[PDB]
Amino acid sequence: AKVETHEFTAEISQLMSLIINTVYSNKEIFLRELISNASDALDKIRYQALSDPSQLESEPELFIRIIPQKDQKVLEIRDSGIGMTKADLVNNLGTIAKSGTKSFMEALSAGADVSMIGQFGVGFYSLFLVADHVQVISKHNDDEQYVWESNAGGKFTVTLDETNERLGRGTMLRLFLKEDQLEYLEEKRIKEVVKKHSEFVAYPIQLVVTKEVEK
């Protein structure tokens, strides 16, 4: 019931420093990668639910939700997919992620762009193009809610979630944007990116916008 600190394998840590310092334009592709991961997670609970339709009871709705938090300079990406267990918060960044990270690093050395990260299965880490820090909140039907946190360094933490909204089921990525990357808190900006790169998504992409009620 405490804060469990871990170290990244050199491969994961290696990719994060590259992306976070990268001065590459076209930073906007991070959102395509995260939406694709959200859709994959929803595919899995929808598939699991096809036989046992009661795995959906923890959150009956299947959605992708984007929440700008302007005062916090935070952007949240939430899904009601299958979710990740505490085991996964420390054992979903390995195996498929161990291979995909190391081979992607070698492709980058050969000349590959960060736009290709997704075809190596590690598109998650493209968030560091725009964020210098991230928390990942997740809730799997067969486990409690947990929080994963990293600031692109070799160390990340995992903590039982006693402070965030209850997800019901699924995952929410909390991106702490950089000061030069705050454009991605704006409704018009998010619409453009989603419509350009995420046209073929089987689930509703909901955008939560906060607006002052005018005179």
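For every residue, the number given is its place in the sequence shown, counted from 1. What we label the rigid core is the largest C-alpha set whose atoms superpose within 1.5 Å from one form to the other.
Checklist entry - Relative to this form, superposed by the core, which stretch has the greater CA RMS in 9 other deposited structures of this protein: 107-115 or 128-136? => result The more displaced stretch in 9 other deposited structures of this protein turns out to be 107-115.
Item to check | in 9 other deposited structures of this protein, rigid core aligned: more displaced of 154-162 and 35-43 by C-alpha RMS | outcome: Stretch with the larger root mean square C-alpha distance in 9 other deposited structures of this protein: 154-162.
Checklist entry - Given the B-factors recorded for C-alpha atoms, which segment has the greater mean, 98-106 or 82-90? => result Result: 82-90.
Item to check | Greater mean Cα temperature factor according to the PDB record, 72-80 or 118-126 | outcome: Looking at the record's C-alpha B-factors, the answer is 118-126.
Item to check | Most elevated Cα B-factor in the entry, residues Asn164, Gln48, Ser39, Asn26 | outcome: The C-alpha B-factor peaks, among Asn164, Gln48, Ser39, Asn26, at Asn26.
Checklist entry - Going by the entry, which of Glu183, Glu61, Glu179, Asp43 has the most elevated CA B factor? => result Largest recorded C-alpha B-factor: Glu179.
Checklist entry - Lowest, middle or highest third of the chain for the C-alpha temperature factor of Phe156? => result Its C-alpha B-factor belongs to the highest third of this chain's values.
Item to check | Lowest, middle or highest third - CA B-factor, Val208 | outcome: Lowest third of the chain for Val208's C-alpha B-factor.
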